[PDB]
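First comes the structure, then the notes that go with it.
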């Protein structure tokens with residue numbers, strides 16, 4: 001025969017596992033502890049602790065941002081939005097780029113002056 005081969009069918013590993021994987025049935029045991037699901041839950045707790053100190057128990061608990069009821073003006077509300085927008089933008093890089101230019105001039109002058 002010119003060329004004969006069995007050409008077995010696809011191996012078809014079959015897998016792609018990824019079930020819901022809900023919380024552990026028991027708080028503590030042994031096998032579960034060895035798993036990463038244990039430390040995974042600690043991540044949420046640790047995150048809260050970080051923001052726990054920052055957060056404070058307000059006596060008013062009114063959750064009201066303001067109660068003075070000024071009237072009208074720029075208000076801190078408008079300024080607050082500026083912070084959020086700043087995150088999207090990056091004017092810090094511009095400050096470094098321009099800053100380097102100024103410093104570059106000084107370096108050139110010093111180098112030239114030294115070598116006169």
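Backbone-built Cβ (ideal geometry, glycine too); neighbour counts: all protein chains shown. All of the numbers you see were taken from the coordinates with simple rules; none came from a lab.
Between residue 45 and residue 62, what is the label-point separation in nm under the 7 Å Cα-to-beta-carbon projection?
So the two model labels end up 3.7 nm from each other.
What number, in nm² with one decimal, is the all-direction average of the projected area of the convex hull of the alpha-carbon atoms of the chain?
For the chain, the mean projected area of the Cα convex hull comes to 27.0 nm².
Determine, from the Cβ-Cβ distance of residue 25 and residue 55 and an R0 of 30 Å, the FRET efficiency 1/(1 + (r/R0)^6), rounded to the nearest 0.05.
On the way: r = 32 Å, r/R0 = 1.07.
Computed FRET efficiency for residue 25 and residue 55: 0.40.
Choose one answer from 39, 53, 101: the residue with the largest mean-square fluctuation in a GNM of the chain with alpha-carbon springs under 10 Å.
Ranking 39, 53, 101 by mean-square fluctuation puts 101 first.
Name the residue, out of 78, 16, 55, whose mean-square fluctuation peaks in a Gaussian network model built on the chain with Cα pairs under 10 Å.
In this elastic network of the chain, the residue with the biggest mean-square fluctuation among 78, 16, 55 is 16.
How long is the gain from residue 101 to residue 70 if the chain were fully straight, where each residue apart is worth 0.36 nm and the alpha carbon distance is subtracted?
6.6 nm
As a check on your grasp of the helix formula, calculate [θ] at 222 nm for the chain: sum -39500 (n - 2.57) over DSSP H runs of n ≥ 4, divide by the residue count, round to the nearest 500.
-17500 deg cm²/dmol
Please build a GNM for the chain, connecting alpha carbons under 10 Å apart, and tell me which residue among 104, 21, 12 fluctuates the most.
12
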